[PDB]
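J.: There's a structure below that I have some questions on.
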Amino acid sequence: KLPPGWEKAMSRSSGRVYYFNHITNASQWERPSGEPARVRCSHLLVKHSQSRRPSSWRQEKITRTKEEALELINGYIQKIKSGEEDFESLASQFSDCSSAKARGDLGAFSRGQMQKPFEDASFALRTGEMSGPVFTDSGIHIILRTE
Ligand SMILES: CC(=O)Nc1cccnc1
Ligand SMILES: CC(=O)Nc1cccnc1
Ligand SMILES: [Cl-]
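Numbering-wise (this note's numbering), the sequence shown opens with residue 359 and increments by one.
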């Protein structure tokens, strides 16, 4: 039926079916379309006080809660999806990763290099697709598979 990872769901607010991916946390209205040695991704990281290192170039002391970080992530996803903001712009301005300076680009990587939830989401994304919020010990990620 659907590229494994995807399941059907129903909108609580509208009653229309949609599709959700439990590896990427992506959700979308259309039935999804459907692995390489390597993928290339960008990401926007929002850290929180329980992050493995609760500090970043934006903030010496990251004090926001996990819930607050998820609200920020969800806000960025909305603006990216509406076209109000570009992923690259929000990553440059607001990612707590040093990769912010490169518009979030991490370059290419294989399995075994990144944190597992990040890796699994990255490899389950199709080229050009964006994840939903992805949780790791670093914080919460929006992941964009570029290659
Ligand atoms: C890959 C990473 O974690 N950071 C980074 C920093 C600067 C430029 N590109 C990437
Ligand atoms: C492994 C890592 O953190 N990558 C990195 C660091 C600095 C600049 N560019 C990339
Ligand atoms: Cl801010």
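Cβ coordinates follow ideal geometry from the N, Cα and C atoms, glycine included.
#1: Cα separation between residue 418 and residue 490?
#2: For residue 423, write down the residues that DSSP places opposite it in a beta bridge.
#3: How is residue 495 classed by DSSP in three states: helix, strand or coil?
#4: Answer yes or no: do residue 390 and residue 415 have a C-beta to C-beta separation smaller than 7 Å?
#5: In the DSSP assignment, find the alpha helix (DSSP H) that holds residue 446 and state where it starts and stops.
#6: Quick check on this structure: which residue in 367, 430, 401 and 379 has the alpha carbon closest to the alpha carbon of residue 392?
#7: Given this structure, state the Cα-to-Cα distance separating residue 460 from residue 439, to the nearest angstrom.
#8: By the DSSP assignment, the beta strand (DSSP E) with residue 489 in it spans what residues?
#9: DSSP three-state label for residue 536, please.
#10: Within 6 Å: the Cβ of residue 460 and any heavy atom of ligand 1?
#11: Between residue 449 and residue 435, what straight-line distance do the alpha-carbon atoms span, to the nearest angstrom?
#12: Rounded to whole angstroms, how far is the Cβ of residue 423 from the Cβ of residue 407, which I believe are closer than 8 Å?
T.: Quick answer:
#1: Position 60 of the sequence shown, counted from the first residue, corresponds to residue 418. Position 132 of the sequence shown, counted from the first residue, corresponds to residue 490. About 27 Å.
#2: For this step, residue 423 is matched to residue 65 along the sequence shown. According to DSSP, which records beta bridges pairwise, residue 423 is partnered with nothing at all.
#3: Numbered from its first residue, the sequence shown carries residue 495 at position 137. Residue 495: coil per DSSP, three-state reduction.
#4: Here residue 390 is taken as the residue at index 32 of the sequence shown, counted from 1. Here residue 415 is taken as the residue at index 57 of the sequence shown, counted from 1. A distance of 7 Å or more separates the beta carbons of residue 390 and residue 415.
#5: As a position in the sequence shown, residue 446 is number 88, starting the count at 1. Boundaries of the alpha helix (DSSP H) harbouring residue 446: 445 to 452, taken from the DSSP string.
#6: Counting from 1 along the sequence shown, the entry for residue 392 is found at position 34. Residue 392 has its Cα closest to that of 379, out of 367, 430, 401 and 379.
#7: Walking along the sequence shown from the start, residue 460 turns up at place 102. Walking along the sequence shown from the start, residue 439 turns up at place 81. Cα-Cα distance, rounded: 21 Å.
#8: Translated into positions along the sequence shown, residue 489 becomes position 131. Premise fails: residue 489 is in no beta strand (DSSP E) and is neither H nor E.
#9: Residue 536 is absent from the structure shown; the chain starts at 359 and stops at 505.
#10: Here residue 460 is taken as the residue at index 102 of the sequence shown, counted from 1. Result yes, Cβ under 6 Å from ligand 1.
#11: As a first step, residue 449 is located in the sequence shown; it is residue number 91 there, counting from the start. As a first step, residue 435 is located in the sequence shown; it is residue number 77 there, counting from the start. Whole-angstrom Cα-Cα distance: 11 Å.
#12: Taking the sequence shown and counting its residues from 1, the one referred to as residue 423 is at position 65. Taking the sequence shown and counting its residues from 1, the one referred to as residue 407 is at position 49. Confirmed, about 6 Å.
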